[PDB]
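K.L.:
start_3.txt is reproduced below (compact mmCIF, C-alpha atoms (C1' of nucleotides)).
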# COMPACT_ATOMS: atom_id res chain seq x y z
CA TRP A 256 -32.99 55.64 110.78
CA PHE A 257 -31.38 53.27 113.23
CA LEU A 258 -31.81 49.55 112.79
CA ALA A 259 -31.31 46.39 114.81
CA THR A 260 -30.34 42.94 113.65
CA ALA A 261 -29.63 39.64 115.37
CA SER A 262 -27.66 36.63 114.25
CA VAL A 263 -26.37 33.19 115.19
CA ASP A 264 -22.86 34.67 115.34
CA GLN A 265 -23.33 35.38 119.07
CA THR A 266 -23.49 39.08 118.22
CA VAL A 267 -26.27 41.61 117.72
CA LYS A 268 -25.66 44.71 115.68
CA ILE A 269 -27.13 48.21 115.57
CA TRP A 270 -26.99 49.93 112.18
CA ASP A 271 -27.60 53.40 110.73
CA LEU A 272 -29.26 52.52 107.45
CA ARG A 273 -28.63 55.85 105.71
CA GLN A 274 -24.91 56.24 106.51
CA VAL A 275 -23.35 52.77 106.25
CA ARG A 276 -22.53 51.08 102.95
CA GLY A 277 -19.19 49.38 103.57
CA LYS A 278 -19.87 45.75 104.55
CA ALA A 279 -19.64 45.92 108.36
CA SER A 280 -18.90 49.62 108.64
CA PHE A 281 -21.60 49.38 111.31
CA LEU A 282 -22.55 51.71 114.16
CA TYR A 283 -22.53 49.45 117.23
CA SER A 284 -21.96 45.78 118.07
CA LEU A 285 -23.07 44.06 121.24
CA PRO A 286 -21.72 40.57 121.98
CA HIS A 287 -23.28 37.60 123.69
CA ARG A 288 -22.26 34.22 125.03
CA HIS A 289 -24.84 32.28 122.99
CA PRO A 290 -26.91 32.83 119.84
CA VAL A 291 -29.81 35.26 119.75
CA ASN A 292 -33.40 34.51 118.89
CA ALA A 293 -34.74 38.01 119.05
CA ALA A 294 -33.87 41.68 119.26
CA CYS A 295 -36.88 43.94 119.57
CA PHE A 296 -37.07 47.67 120.17
CA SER A 297 -39.39 49.52 122.51
CA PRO A 298 -42.31 51.65 121.47
CA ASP A 299 -40.62 54.64 123.03
CA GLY A 300 -37.42 53.74 121.24
CA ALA A 301 -34.93 53.97 124.06
CA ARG A 302 -34.91 50.40 125.40
CA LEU A 303 -33.76 47.40 123.37
CA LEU A 304 -34.71 43.90 124.43
CA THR A 305 -32.60 40.92 123.51
CA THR A 306 -33.32 37.28 124.01
CA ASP A 307 -30.93 34.40 123.63
CA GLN A 308 -31.29 30.65 123.05
CA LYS A 309 -29.86 29.11 126.23
CA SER A 310 -30.84 31.09 129.31
CA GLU A 311 -30.74 34.88 129.39
CA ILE A 312 -32.49 38.13 128.62
CA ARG A 313 -30.65 41.42 128.30
CA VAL A 314 -31.80 45.00 128.24
CA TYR A 315 -29.63 47.57 126.49
CA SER A 316 -30.41 51.28 126.68
CA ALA A 317 -30.17 54.24 124.35
CA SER A 318 -27.37 55.43 126.62
CA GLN A 319 -24.22 53.54 125.62
CA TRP A 320 -25.58 50.48 123.84
CA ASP A 321 -22.47 48.50 124.84
CA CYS A 322 -23.04 47.96 128.52
CA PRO A 323 -26.31 46.45 129.74
CA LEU A 324 -28.63 47.77 132.38
CA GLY A 325 -30.00 44.46 133.53
CA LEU A 326 -30.23 40.74 133.00
CA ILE A 327 -33.51 38.87 133.36
CA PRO A 328 -32.48 35.21 133.60
CA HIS A 329 -35.15 32.83 132.39
CA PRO A 330 -34.86 29.55 130.44
CA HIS A 331 -36.29 29.36 126.92
CA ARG A 332 -33.97 26.72 125.50
CA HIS A 333 -33.78 26.06 121.76
CA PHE A 334 -34.86 22.86 120.03
CA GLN A 335 -35.19 21.64 116.46
CA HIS A 336 -38.89 21.05 115.98
CA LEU A 337 -39.90 23.76 118.45
CA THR A 338 -40.72 27.24 117.33
CA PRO A 339 -38.11 29.71 118.56
CA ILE A 340 -39.13 31.92 121.39
CA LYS A 341 -39.68 35.67 121.14
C1' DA B 1 -23.94 -23.65 190.90
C1' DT B 2 -20.05 -25.75 191.72
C1' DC B 3 -15.47 -27.79 191.26
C1' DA B 4 -11.84 -30.71 189.00
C1' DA B 5 -8.99 -30.94 184.24
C1' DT B 6 -6.48 -28.92 180.18
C1' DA B 7 -5.35 -25.21 177.65
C1' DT B 8 -3.84 -20.20 177.54
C1' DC B 9 -1.87 -15.58 178.94
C1' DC B 10 1.81 -13.32 181.39
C1' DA B 11 6.34 -11.81 184.60
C1' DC B 12 11.57 -12.86 184.56
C1' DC B 13 15.59 -13.13 181.32
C1' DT B 14 19.50 -14.78 178.16
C1' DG B 15 22.55 -15.83 174.11
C1' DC B 16 22.52 -15.21 169.57
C1' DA B 17 20.70 -15.01 163.91
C1' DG B 18 19.04 -11.45 162.14
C1' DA B 19 19.24 -6.22 162.29
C1' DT B 20 21.76 -2.40 162.03
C1' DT B 21 26.22 0.45 161.65
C1' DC B 22 30.22 1.55 159.18
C1' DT B 23 34.15 1.67 155.13
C1' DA B 24 35.47 2.20 150.60
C1' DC B 25 34.45 2.16 146.17
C1' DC B 26 32.40 3.40 141.51
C1' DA B 27 27.77 2.74 138.17
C1' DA B 28 23.88 6.06 138.41
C1' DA B 29 21.90 11.34 138.76
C1' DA B 30 22.54 16.30 137.30
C1' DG B 31 24.69 20.13 134.58
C1' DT B 32 25.77 22.19 130.33
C1' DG B 33 24.77 22.43 125.96
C1' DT B 34 22.76 21.08 121.89
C1' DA B 35 19.59 18.75 118.15
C1' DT B 36 15.19 17.00 117.48
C1' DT B 37 10.26 16.33 118.33
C1' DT B 38 5.44 17.76 120.13
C1' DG B 39 0.34 19.21 122.11
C1' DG B 40 -2.39 22.36 121.80
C1' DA B 41 -4.36 27.06 120.20
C1' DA B 42 -6.73 29.14 115.53
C1' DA B 43 -9.84 27.86 110.89
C1' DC B 44 -12.98 24.83 108.69
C1' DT B 45 -16.66 20.75 107.34
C1' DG B 46 -20.07 17.47 107.75
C1' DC B 47 -22.48 14.08 110.82
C1' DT B 48 -25.95 13.89 114.04
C1' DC B 49 -27.85 15.37 119.28
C1' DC B 50 -31.36 18.46 121.63
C1' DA B 51 -35.61 15.91 123.12
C1' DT B 52 -41.85 18.97 121.13
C1' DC B 53 -46.44 17.56 119.41
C1' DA B 54 -50.42 14.44 116.85
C1' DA B 55 -51.73 9.99 115.58
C1' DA B 56 -51.55 5.34 116.48
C1' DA B 57 -49.86 0.54 118.13
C1' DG B 58 -49.18 -2.37 121.59
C1' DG B 59 -47.29 -3.21 126.52
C1' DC B 60 -48.36 -2.77 131.98
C1' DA B 61 -50.96 -1.73 136.86
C1' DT B 62 -54.72 -3.78 138.56
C1' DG B 63 -57.54 -7.04 139.90
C1' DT B 64 -58.90 -11.63 139.91
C1' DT B 65 -58.56 -17.12 140.36
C1' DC B 66 -56.07 -21.45 142.50
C1' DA B 67 -52.29 -25.36 142.17
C1' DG B 68 -47.84 -26.47 143.56
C1' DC B 69 -43.80 -24.65 146.23
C1' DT B 70 -41.60 -22.92 150.75
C1' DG B 71 -40.16 -23.93 154.55
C1' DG B 72 -41.54 -25.63 159.18
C1' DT B 73 -41.83 -30.05 161.88
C1' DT B 74 -40.46 -35.23 163.34
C1' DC B 75 -37.48 -38.55 163.01
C1' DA B 76 -34.32 -43.28 161.44
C1' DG B 77 -30.46 -44.06 160.59
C1' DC B 78 -25.38 -42.95 159.92
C1' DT B 79 -20.74 -40.97 159.96
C1' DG B 80 -17.13 -38.37 161.12
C1' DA B 81 -14.73 -35.61 165.20
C1' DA B 82 -11.90 -37.04 169.57
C1' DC B 83 -8.81 -39.78 171.05
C1' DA B 84 -4.95 -43.53 172.53
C1' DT B 85 -1.25 -46.17 170.74
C1' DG B 86 2.66 -47.60 168.10
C1' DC B 87 6.14 -46.87 165.02
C1' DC B 88 8.20 -45.04 161.27
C1' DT B 89 8.58 -40.87 157.55
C1' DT B 90 10.56 -37.11 158.25
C1' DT B 91 14.14 -33.09 160.88
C1' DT B 92 18.38 -31.29 161.85
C1' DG B 93 22.70 -31.38 160.73
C1' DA B 94 27.03 -32.55 158.12
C1' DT B 95 29.87 -33.30 153.88
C1' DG B 96 31.12 -33.81 148.55
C1' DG B 97 31.76 -32.81 144.34
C1' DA B 98 29.26 -31.88 139.52
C1' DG B 99 27.60 -28.94 137.08
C1' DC B 100 24.35 -24.82 135.86
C1' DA B 101 23.92 -19.60 136.94
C1' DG B 102 26.19 -16.44 135.56
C1' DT B 103 30.03 -13.87 133.75
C1' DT B 104 33.31 -12.05 130.02
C1' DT B 105 35.40 -11.88 124.76
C1' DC B 106 34.05 -10.66 120.10
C1' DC B 107 32.64 -10.90 116.08
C1' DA B 108 29.17 -13.28 112.37
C1' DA B 109 24.16 -13.08 111.90
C1' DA B 110 20.09 -10.10 112.09
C1' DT B 111 17.75 -5.25 111.67
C1' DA B 112 16.84 -0.11 111.83
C1' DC B 113 16.93 3.79 108.67
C1' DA B 114 16.87 6.30 104.67
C1' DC B 115 15.69 6.33 99.78
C1' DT B 116 12.99 4.96 95.50
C1' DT B 117 9.48 2.43 93.08
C1' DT B 118 5.03 -0.61 92.47
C1' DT B 119 0.33 -1.70 94.08
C1' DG B 120 -3.52 -3.12 96.19
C1' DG B 121 -6.90 -1.59 99.88
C1' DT B 122 -10.24 1.76 100.42
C1' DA B 123 -14.15 5.59 99.42
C1' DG B 124 -18.02 5.99 96.27
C1' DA B 125 -21.46 4.88 92.32
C1' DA B 126 -24.09 0.89 89.91
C1' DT B 127 -26.28 -3.97 90.34
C1' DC B 128 -28.27 -8.38 93.26
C1' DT B 129 -30.88 -11.74 96.22
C1' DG B 130 -31.91 -13.76 101.06
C1' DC B 131 -34.64 -12.78 104.00
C1' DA B 132 -38.33 -9.78 106.26
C1' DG B 133 -42.60 -9.95 105.76
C1' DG B 134 -46.84 -11.84 104.31
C1' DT B 135 -50.27 -15.72 103.41
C1' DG B 136 -52.00 -20.00 104.42
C1' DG B 137 -52.53 -24.61 106.00
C1' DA B 138 -50.92 -29.64 108.26
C1' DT B 139 -49.23 -31.47 112.46
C1' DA B 140 -47.62 -31.24 117.64
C1' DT B 141 -48.83 -30.14 121.93
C1' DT B 142 -52.04 -29.22 126.71
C1' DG B 143 -55.54 -30.30 128.83
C1' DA B 144 -60.85 -31.28 129.93
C1' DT B 145 -62.95 -35.19 130.32
Mind turning the file's structure into structure tokens?
P.N.:
Amino acid sequence: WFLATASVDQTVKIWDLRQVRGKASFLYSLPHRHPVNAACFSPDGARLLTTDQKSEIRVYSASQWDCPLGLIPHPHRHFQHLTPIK
DNA sequence: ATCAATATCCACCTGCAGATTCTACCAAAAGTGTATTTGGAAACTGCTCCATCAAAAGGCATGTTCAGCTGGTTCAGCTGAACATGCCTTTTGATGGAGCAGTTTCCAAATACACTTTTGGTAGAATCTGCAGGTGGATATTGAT
């Protein structure tokens, strides 16, 4: 009963699907400098991976979603006819 | 190598045309204050830039062949720099006096500025045709012979 979603708005949002109903009465919001191509949870559940379109990877933790633990810089640049990277 | 001839740089050095100093003004720089005008930080919309992967068309890196150009040599003219000489167009240096550069007066001719009223020049949606492209064949052009 917590959810993750990613968007071209340069933000990635963590929801609580049972509690929220109010059109962005969300739980947490993490910003970025560029768009996001993927936001995938762990198997254990405590580590969120996030992957942008220009050059970055971020790891956010269970503990205080806002601040990141670590950045893994690596270029996976976006392109029209290319399949986006995950 | 050397030594005579001409041209060139360098120490002494002086009176003055050009450089600098100095008065006395007033036509430009700032202050104060105000009225007017802007460039750049938030929203939003619609072209069109980032530069992968198959499939295919056509251009180039390589190698091969040889004729005709480069660029070196030798040389018969020829022509243009040096120069003396005279003399004669210009250099300084004055003097006149006519008239254009330039200034001032002022107002008749030409224009901004602010408003209202036409209007045609410009997107966008329906029609056209000259030329891209194709097809094909006669004559002009290179070149072997």
K.L.:
Got a sec: who's within 12 Å of residue 326 of chain A, counting all atoms listed in the file, leaving out chain neighbours fewer than 5 positions off, as a VMD selection string?
P.N.:
chain A and resid 304 to 307 310 to 315
K.L.:
Counting only C-alpha atoms (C1' of nucleotides), which residues of chain B come no farther than 8 Å from chain A, as an NGL selection string?
P.N.:
:B and (50-52)
K.L.:
Return the single residue from A:261, A:318, A:325, A:339 that is closest to residue 286 of chain A, with distances computed using only C-alpha atoms.
P.N.:
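Nearest to residue 286 of chain A: A:261.
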K.L.:
Output as a compact mmCIF listing (two decimals), in the coordinates of the input: segment 293-319 of chain A, completed with N, CA, C and O atoms.
P.N.:
# COMPACT_ATOMS: atom_id res chain seq x y z
N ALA A 293 -34.00 36.81 119.40
CA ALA A 293 -34.74 38.01 119.05
C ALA A 293 -34.11 39.26 119.63
O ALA A 293 -33.50 39.24 120.70
N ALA A 294 -34.32 40.35 118.90
CA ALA A 294 -33.87 41.68 119.26
C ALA A 294 -34.96 42.64 118.85
O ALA A 294 -35.12 42.93 117.66
N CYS A 295 -35.70 43.14 119.83
CA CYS A 295 -36.88 43.94 119.57
C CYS A 295 -36.76 45.28 120.29
O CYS A 295 -36.35 45.33 121.45
N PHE A 296 -37.13 46.34 119.59
CA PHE A 296 -37.07 47.67 120.17
C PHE A 296 -38.32 47.93 121.00
O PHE A 296 -39.28 47.17 121.01
N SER A 297 -38.27 49.04 121.72
CA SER A 297 -39.39 49.52 122.51
C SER A 297 -40.37 50.25 121.62
O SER A 297 -40.15 50.43 120.43
N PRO A 298 -41.48 50.68 122.17
CA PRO A 298 -42.31 51.65 121.47
C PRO A 298 -41.75 53.04 121.61
O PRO A 298 -41.83 53.86 120.70
N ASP A 299 -41.18 53.32 122.78
CA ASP A 299 -40.62 54.64 123.03
C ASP A 299 -39.31 54.82 122.29
O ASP A 299 -38.95 55.95 121.94
N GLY A 300 -38.59 53.74 122.07
CA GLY A 300 -37.42 53.74 121.24
C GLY A 300 -36.12 53.67 121.98
O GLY A 300 -35.08 53.51 121.34
N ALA A 301 -36.14 53.78 123.29
CA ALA A 301 -34.93 53.97 124.06
C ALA A 301 -34.44 52.70 124.73
O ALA A 301 -33.32 52.69 125.26
N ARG A 302 -35.24 51.64 124.72
CA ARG A 302 -34.91 50.40 125.40
C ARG A 302 -34.97 49.26 124.40
O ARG A 302 -36.01 49.02 123.80
N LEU A 303 -33.85 48.56 124.23
CA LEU A 303 -33.76 47.40 123.37
C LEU A 303 -33.79 46.15 124.22
O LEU A 303 -33.05 46.05 125.21
N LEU A 304 -34.59 45.19 123.79
CA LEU A 304 -34.71 43.90 124.43
C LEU A 304 -34.00 42.89 123.56
O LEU A 304 -34.10 42.95 122.33
N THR A 305 -33.35 41.94 124.21
CA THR A 305 -32.60 40.92 123.51
C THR A 305 -32.77 39.62 124.25
O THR A 305 -32.73 39.58 125.48
N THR A 306 -32.93 38.56 123.48
CA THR A 306 -33.32 37.28 124.01
C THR A 306 -32.58 36.18 123.28
O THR A 306 -32.66 36.06 122.05
N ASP A 307 -31.90 35.36 124.08
CA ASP A 307 -30.93 34.40 123.63
C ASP A 307 -31.61 33.05 123.42
O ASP A 307 -32.83 32.95 123.37
N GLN A 308 -30.80 32.00 123.27
CA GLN A 308 -31.29 30.65 123.05
C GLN A 308 -31.04 29.70 124.21
O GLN A 308 -31.64 28.62 124.21
N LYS A 309 -30.18 30.04 125.15
CA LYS A 309 -29.86 29.11 126.23
C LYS A 309 -30.56 29.48 127.52
O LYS A 309 -31.47 28.78 127.95
N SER A 310 -30.13 30.57 128.15
CA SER A 310 -30.84 31.09 129.31
C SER A 310 -30.35 32.50 129.58
O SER A 310 -29.37 32.68 130.30
N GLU A 311 -31.07 33.49 129.07
CA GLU A 311 -30.74 34.88 129.39
C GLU A 311 -31.77 35.79 128.74
O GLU A 311 -32.42 35.43 127.75
N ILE A 312 -31.92 36.98 129.31
CA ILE A 312 -32.49 38.13 128.62
C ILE A 312 -31.64 39.32 129.00
O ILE A 312 -31.26 39.46 130.17
N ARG A 313 -31.41 40.21 128.05
CA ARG A 313 -30.65 41.42 128.30
C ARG A 313 -31.45 42.63 127.88
O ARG A 313 -32.24 42.57 126.92
N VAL A 314 -31.24 43.72 128.60
CA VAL A 314 -31.80 45.00 128.24
C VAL A 314 -30.66 45.97 128.02
O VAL A 314 -29.88 46.24 128.94
N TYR A 315 -30.56 46.49 126.81
CA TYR A 315 -29.63 47.57 126.49
C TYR A 315 -30.40 48.87 126.31
O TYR A 315 -31.55 48.87 125.88
N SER A 316 -29.78 49.97 126.69
CA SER A 316 -30.41 51.28 126.68
C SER A 316 -29.90 52.11 125.52
O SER A 316 -28.86 51.82 124.93
N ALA A 317 -30.65 53.16 125.20
CA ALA A 317 -30.17 54.24 124.35
C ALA A 317 -28.79 54.72 124.78
O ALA A 317 -27.91 54.97 123.95
N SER A 318 -28.60 54.87 126.08
CA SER A 318 -27.37 55.43 126.62
C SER A 318 -26.30 54.35 126.63
O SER A 318 -26.31 53.46 127.49
N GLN A 319 -25.37 54.44 125.69
CA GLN A 319 -24.22 53.54 125.62
C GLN A 319 -24.66 52.08 125.49
O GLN A 319 -24.62 51.29 126.43
